[PDB]
């Protein structure tokens, strides 16, 4: 019989490396987890279960339990949408909406958009890694210390709100070309903001962040390499697409999305593909020469999408093409999705047009809201 996982989460602080995901994939493939003779002597297996989304764990002799029995499918949300705190709302106010699009794509590819602007701090996907990283920091690092990172915009905004709800000071480093909401809103949120107008990308800032961290002794949370990014997406974003697709009665044939740290799509793909390895992952390549906010080309360096055993496909997409998918989704659905969203929609549309895709439902992860990108919106129209 079962035990609340929340008493066992010291395994987050102690387990290392990716060998535990084997456990994660077999539990997802089989549909069950075998009973832990000693729960504390299998800290890997407990971490596989956290990661996939269990609220409970099987303890003692023999009895294997299903995914449902472990809490993967438990409803977190209160019917009435009342929450005692903004962090309780982040955590229990899930899943984000999965919304079937009116947008018509060729060869029977049915589009569902998963709306990641429904996260309360940055109105973006990047609330999830920021809550998980700052949560895990909270055991080891003293309140009032400074946490910092490089961002395209969204993670710093999230990092800033979250560090503050956990009693930490925050500093965010942006490239000059970053959107204005990423430069301004950390400050509103009580953080320090450094902008480098020469730094042509956001990863080019990391050597400075790392140098500064050495001198000034702040905590570089480094979303690019920190496994609590991938983990936050595994138990939120990915588990959600699984549970929603099942519970929605979807013929889930694939996922489409976009790549910054690679956290969210790495998890989406790895998770779902543990369940059914034929589920496709369609991934945006920002066409060379172009900048699509928040995202980049794979070969500029992304951890999880290269180290984990994930099957994916790329589809190159230009800024112009992305903003064109933003316009189309707006006129089809009345939903105003941001640039990286419309790149993912487009990449899905490119592959369906090629006849590569098995007819059925595909879930596009929409990282944020287009209200944050008016300049780009205005250029797309003129």
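Residue numbers count along the first chain shown, from 1.
- In this crystal structure, the stretch out of 203-211 and 91-99 whose C-alpha atoms carry the higher mean B factor is 203-211.
- In this entry, 56-64 shows the higher mean Cα temperature factor of the pair 56-64 and 309-317.
- Across the options 366, 11, 24, 363, the residue with the most elevated CA B-factor in the record is 11.
- In the PDB entry, residue 182 places in the lowest third of its chain by CA B-factor.
- Among all modelled residues in its chain, residue 347 ranks in the middle third by Cα B-factor.
- Sort the chain's modelled residues by C-alpha temperature factor and residue 275 lands in the middle third, per the entry.
- In the PDB entry, residue 74 places in the middle third of its chain by CA B-factor.
- Placement of the Cα temperature factor of residue 332 within the chain: middle third of the modelled residues, per the deposited record.
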